[PDB]
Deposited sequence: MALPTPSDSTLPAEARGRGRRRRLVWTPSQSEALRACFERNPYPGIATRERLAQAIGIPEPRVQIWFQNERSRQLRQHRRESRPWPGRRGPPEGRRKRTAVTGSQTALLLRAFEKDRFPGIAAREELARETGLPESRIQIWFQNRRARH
């Protein structure tokens, strides 16, 4: 289980992220997609940052003191059956395995990761 290579923000990207977070710490998919392209970062990395930034901000605010969701990804029985056989072998695929499963299904890798998180909690 290897994780994806950790990126490192440029100052231009950091500024853009904080400015948008300041306006709304709960962006929807459209805001995240626009921001992602505006600063040259894949949208899933942006979503992960907004999650971490909120947990930061809430943790300091604890010791000092709705936009539209992504559209539901349609998953065929063909794709599900292939994800299910992978899931029985390994419930914690690394980035390589997720990228293989994304290639074989045609689904985005970020969606493969969510599918495994949900599947682990319910089976």
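Novice: Give me the ranges of the deposited sequence that have no CA atoms here, in sequence order.
Specialist: Comparing the full sequence with the modelled residues, the uncovered ranges come out as 1-17, 83-91.
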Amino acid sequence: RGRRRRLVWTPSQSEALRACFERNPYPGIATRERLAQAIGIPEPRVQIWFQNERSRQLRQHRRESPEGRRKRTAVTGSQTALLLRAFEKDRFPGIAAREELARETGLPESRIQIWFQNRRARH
From here on, numbers count along this sequence of modelled residues.
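Novice: Averaging only over Cα atoms, indicate whether 97-105 or 13-21 has the higher B-factor in the PDB entry.
Specialist: The stretch with the larger average C-alpha B-factor is 97-105.
Novice: Do the CA atoms of 30-38 or those of 83-91 have the higher mean B-factor in the entry?
Specialist: Per the PDB entry, the higher value belongs to 83-91.
Novice: Splitting the chain's C-alpha B-factors into thirds, which one does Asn52 fall into?
Specialist: For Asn52, the deposited C-alpha B-factor lands in the lowest third.
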